[PDB]
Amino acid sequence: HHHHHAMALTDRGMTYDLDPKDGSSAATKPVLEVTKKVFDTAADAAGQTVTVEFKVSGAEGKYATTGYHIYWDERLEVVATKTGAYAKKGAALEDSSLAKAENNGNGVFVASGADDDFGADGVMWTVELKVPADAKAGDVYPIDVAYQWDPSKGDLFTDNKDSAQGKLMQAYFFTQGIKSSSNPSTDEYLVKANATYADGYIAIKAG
């Protein structure tokens, strides 16, 4: 009956509304896993930089074009790469010669392209996030992968030719491959953080 919001994160994810919307029949069903780091104590966690991986599975040799939004708890501090980017490509994108991380406040937009279906399974992107000095036991800093769309452009996960199966794979990715308000996490830390639309987190065990 009461409405609950996360401490320092908003739910920007939108309803996947391209046809086909239902990706259940997709030949390729990609799933993106995000790091869930748990510290035993505040002292263990305070001021730590954590490598957060965004890892795809189930799509080896089956995608080429991607673009999705990542956001994180505003209390976390992002540690930029040597170029100033908030994210760094991983081995999953090694054969994709187009890859670009674009900074976006408490988040980043990450995209890739390839001249064939050279997308691979594994780590697509890493982001280093630093835990605040004043972190306390019980704290959860959620990390969200979100689908966004507007009439000018939208987020993507498709094959080189953007085929019918590419579009089915895309719908699967955004509706079943990641968490969102329509596919909520049941992870206890995310429930506690009131951020079940989110995907991973850095958490500190309860006292």
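The first residue of the sequence shown is number 1, and the count goes up from there.
Undergrad: Highest mean C-alpha temperature factor of the two stretches 41 to 49 and 159 to 167, which is it?
TA: Looking at the recorded C-alpha B-factors, 41 to 49 comes out higher on average.
Undergrad: State which stretch shows the higher mean Cα B factor in the entry: 137 to 145 or 64 to 72.
TA: If you average the C-alpha B-factors of 137 to 145 and of 64 to 72, the larger mean comes out for 137 to 145.
Undergrad: Determine, from the deposited record, the chain-internal third of the Cα B-factor for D199: lowest, middle or highest.
TA: For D199, whose C-alpha B-factor we compare with every modelled residue in the chain, the answer is the lowest third.
Undergrad: Sorting by Cα B-factor within the chain, modelled residues only, which third would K88 end up in: lowest, middle or highest?
TA: For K88, the deposited C-alpha B-factor lands in the middle third.
Undergrad: Consider only the C-alpha atoms of the modelled residues in this chain, order them by B-factor as the entry records it, and name the third containing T81: lowest, middle or highest.
TA: For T81, whose C-alpha B-factor we compare with every modelled residue in the chain, the answer is the highest third.
Undergrad: Going by the recorded CA B-factors, say which third of the chain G107 sits in, lowest, middle or highest.
TA: Its C-alpha B-factor, which the entry lists for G107, ranks in the middle third among residues of this chain.
Undergrad: Can you work out whether the C-alpha temperature factor of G58 puts it in the lowest, middle or highest third of the chain?
TA: Answer is middle: the recorded C-alpha B-factor places it there.
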